[PDB]
A.B. asks: 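Structure provided below as structure tokens; questions to follow.
Only heavy atoms go into these numbers, but all of them, side chains included; no hydrogens, no water, no symmetry mates. We're numbering straight along the sequence, starting at 1.
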Amino acid sequence: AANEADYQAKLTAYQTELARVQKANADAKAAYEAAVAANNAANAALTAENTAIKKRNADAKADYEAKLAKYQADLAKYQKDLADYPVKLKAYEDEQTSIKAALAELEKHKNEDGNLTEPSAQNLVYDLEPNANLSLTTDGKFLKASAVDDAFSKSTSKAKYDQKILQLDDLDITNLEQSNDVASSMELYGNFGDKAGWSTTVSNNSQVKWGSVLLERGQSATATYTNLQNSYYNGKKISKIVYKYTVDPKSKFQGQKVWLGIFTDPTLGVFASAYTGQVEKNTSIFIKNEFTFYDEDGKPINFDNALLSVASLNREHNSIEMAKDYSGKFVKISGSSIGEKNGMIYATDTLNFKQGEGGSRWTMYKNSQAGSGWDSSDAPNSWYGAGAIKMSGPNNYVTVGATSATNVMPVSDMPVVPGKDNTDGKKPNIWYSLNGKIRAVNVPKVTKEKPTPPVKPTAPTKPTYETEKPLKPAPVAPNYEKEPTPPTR
Ligand SMILES: O=S([O-])[O-]
Ligand SMILES: O=S([O-])[O-]
Ligand SMILES: [Ca+2]
């Protein structure tokens, strides 16, 4: 009995110890699972972040190399410009000396025929741009080239047309006013393509092209000329010119429509016409011109006394071509028929059509007389019908047109040409251009631009790389307690 009681005591003790170890190991296992979960979470995040780090580093490296490529090009350009600076500076300084010496000599001839009364160098080189590109917008109507061709082949310009000549001042615009003459985009017309070899009143047999529009008073057309090759301001290349042509509401032509032919070469200007077949008394046609020149960077050029040539200002016994409402200051050419009066630039005191008529010194067209044919691009004395306007600022303007003499002054104050009636009607049309081809003699031109120290580029910022992190080692498994041994009876 004592042994049995002793045995049961040990059995109970044993079973209690067993249960203790079991619970203890259960808690241990739970703690190990918690450590395992924490370790797995840690390595999951480390693995994911490492993948992310590899990607960020790759992108960083790629962006950096992309930047070095642009920088390398910029730096090479910088070092080149830096090396060329002295050469450009000498060229500039050397031309500046020459021009100043040239102006000094001119000062002594400023009152001789053909000389600008105010000696000045032409900082604006803008004389010929045959390869310029013309883009037009308008609040009027674009005219189809086929319609322009048809108009030239009919009415008053037909005779010349049939002789392979495009006579712009004879074009009857009546045939450009039909609704079916309107185009959706600008179309070029001229003595090219199927009409290569033809002549026109603009540049004889040289090829010219123009876009056409039909405008009413107050309406305009804006021309954007690009692809310029030979124009500069103070040696700085001119890359673009934006020019707006507006029909002056004050124009007195009888019609309500105007045809504008805008040449692709900006230096050739424009032809404006309200002519419908018959001459008109007390008539006029004026076109407002607003323009801005731009540099290679597309920035507006702020002129500092740029010389604008105003030439071919014809004055017949019944007609006066003039420039007015202009920005800038008029500069007279000594000996020229052109002067300024009441805000208008024109032949103020004499006519300039035929020698001996109304005080004209020379005949505008070529004939048997010395000096005849002054009204031509290459005439030695074209200055006889020209002047200049010194302009400053990026936005300039001037209105150019033709008007009956009777609109400008009383009949009693006009020159008398025996056999000619000063009240004769005229055609309400005109061709004119505004460029830098100063007609005065021996005018020095600026061709060397003053150089500016190049801007040194900035090397790209070194890439910021991150280090990947090592995974954490798995937690060590706990050492569970061993079970107690069963007692024996
Ligand atoms: O000028 S090309 O278009 O004949
Ligand atoms: O100008 S006419 O006399 O040749
Ligand atoms: Ca003219």
Side-chain angles (χ1 to χ4, degrees), residues 122-137 142-143 145 148-149 152 164-169 171 185-213 221-245 259-272 287 289 291-296 298 301 306-312 373 375-380 382 386 388 400 430-439 443 445-447 449:
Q122 169 56 299
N123 52 340
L124 178 61
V125 180
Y126 173 49
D127 314 324
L128 192 73
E129 290 292 350
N131 299 309
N133 175 76
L134 168 66
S135 180
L136 284 168
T137 64
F142 281 130
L143 291 167
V148 175
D149 182 59
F152 264 105
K164 294 186 176 57
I165 297 175
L166 297 182
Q167 192 82 22
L168 287 70
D169 58 315
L171 182 72
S185 295
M186 174 194 83
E187 293 186 10
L188 301 178
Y189 184 69
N191 60 327
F192 69 91
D194 75 301
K195 287 186 175 55
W198 278 47
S199 287
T200 86
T201 48
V202 185
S203 302
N204 299 299
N205 66 19
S206 290
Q207 176 175 295
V208 300
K209 302 186 180 186
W210 69 83
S212 295
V213 294
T222 300
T224 293
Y225 305 94
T226 51
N227 200 58
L228 309 175
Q229 311 292 312
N230 321 293
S231 306
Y232 309 76
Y233 169 65
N234 274 172
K236 180 173 58 181
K237 185 181 175 57
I238 296 174
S239 66
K240 175 179 65 182
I241 300 173
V242 178
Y243 199 135
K244 181 182 189 174
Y245 305 83
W259 162 54
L260 280 200
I262 304 174
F263 306 99
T264 57
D265 180 338
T267 65
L268 285 182
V270 62
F271 191 84
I287 304 303
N289 303 269
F291 44 83
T292 297
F293 293 61
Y294 301 75
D295 61 36
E296 54 187 54
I301 295 170
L307 297 177
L308 186 70
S309 172
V310 182
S312 194
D375 192 23
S376 71
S377 57
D378 298 302
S382 74
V400 188
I430 177 181
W431 167 83
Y432 71 83
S433 62
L434 293 169
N435 54 54
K437 190 181 174 181
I438 179 65
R439 309 308 178 86
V443 178
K445 297 180 178 178
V446 181
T447 68
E449 168 179 48

A.B. asks: Under the side-chain contact (heavy atoms from CB on, under 4.5 Å) rule, collect the residues that match up with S376, sequence neighbours excluded.
C.D. replies: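 In terms of side-chain contact (heavy atoms from CB on, under 4.5 Å), with neighbours along the sequence ignored, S376 is linked to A379.
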
A.B. asks: Under the rule for side-chain contact (heavy atoms from CB on, under 4.5 Å), what residues qualify as partners of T222, not counting sequence neighbours?
C.D. replies: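 With sequence neighbours excluded, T222 shows a side-chain contact (heavy atoms from CB on, under 4.5 Å) to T137, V242, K244, given in chain and number order.
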
A.B. asks: So, using side-chain hydrogen bond (donor to acceptor under 3.5 Å, both in side chains) as the criterion, who are the partners of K195 when residues are at least two apart?
C.D. replies: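 With neighbours one apart ignored, the set is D149.
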
A.B. asks: What residues form a side-chain contact (heavy atoms from CB on, under 4.5 Å) with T292, not counting sequence neighbours?
C.D. replies: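 Here the qualifying residues are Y294, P300, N395.
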
A.B. asks: Residues in ring pair (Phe, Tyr, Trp, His ring centres under 6.0 Å) with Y233, at least two apart?
C.D. replies: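 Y233 satisfies ring pair (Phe, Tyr, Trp, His ring centres under 6.0 Å) with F303 only.
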
A.B. asks: Apply ring pair (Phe, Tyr, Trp, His ring centres under 6.0 Å) to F271 and list each qualifying residue two or more places apart in sequence or on a separate chain.
C.D. replies: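 Result, ring pair (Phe, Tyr, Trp, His ring centres under 6.0 Å) vs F271: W259.
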
A.B. asks: Does NZ in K237 sit with more than 12 non-hydrogen atoms of other residues, nucleotides or ligands closer than 6.0 Å?
C.D. replies: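 Counting neighbours around NZ of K237, more than 12 heavy atoms of other residues, nucleotides or ligands fall under 6.0 Å, so yes.
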
A.B. asks: Taking side-chain hydrogen bond (donor to acceptor under 3.5 Å, both in side chains) as the definition, give me every residue that meets it alongside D169, ordered by chain and number, with sequence neighbours left out.
C.D. replies: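 Listed in chain order: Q167.
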
A.B. asks: With sequence neighbours excluded, tell me which residues meet side-chain contact (heavy atoms from CB on, under 4.5 Å) with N234.
C.D. replies: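 Here the qualifying residues are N123, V446.
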
A.B. asks: Does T201 have any side-chain hydrogen bond (donor to acceptor under 3.5 Å, both in side chains) partners at least two apart in sequence or in another chain, and if so, which?
C.D. replies: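 If we apply the side-chain hydrogen bond (donor to acceptor under 3.5 Å, both in side chains) test to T201, skipping adjacent residues, there are no hits.
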
A.B. asks: State whether the side chain of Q122 and the backbone N or O of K437 hold a donor-acceptor pair below 3.5 Å, judged by distance alone.
C.D. replies: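 No, because the side chain of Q122 does not come within donor-acceptor range (under 3.5 Å) of the backbone of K437.
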
A.B. asks: Under the salt bridge (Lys or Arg N to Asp or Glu O under 4.0 Å) test, which residues partner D127, sequence neighbours left out?
C.D. replies: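 By the salt bridge (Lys or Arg N to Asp or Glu O under 4.0 Å) rule, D127 matches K445.
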
A.B. asks: Which residues satisfy the side-chain hydrogen bond (donor to acceptor under 3.5 Å, both in side chains) test with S382, sequence neighbours excluded?
C.D. replies: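 For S382, the residues satisfying side-chain hydrogen bond (donor to acceptor under 3.5 Å, both in side chains) (neighbours in sequence not counted) are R439.
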
A.B. asks: Could you list the residues that satisfy ring pair (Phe, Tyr, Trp, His ring centres under 6.0 Å) with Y126, not counting sequence neighbours?
C.D. replies: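 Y126 satisfies ring pair (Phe, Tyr, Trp, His ring centres under 6.0 Å) with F293 once adjacent residues are dropped.
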
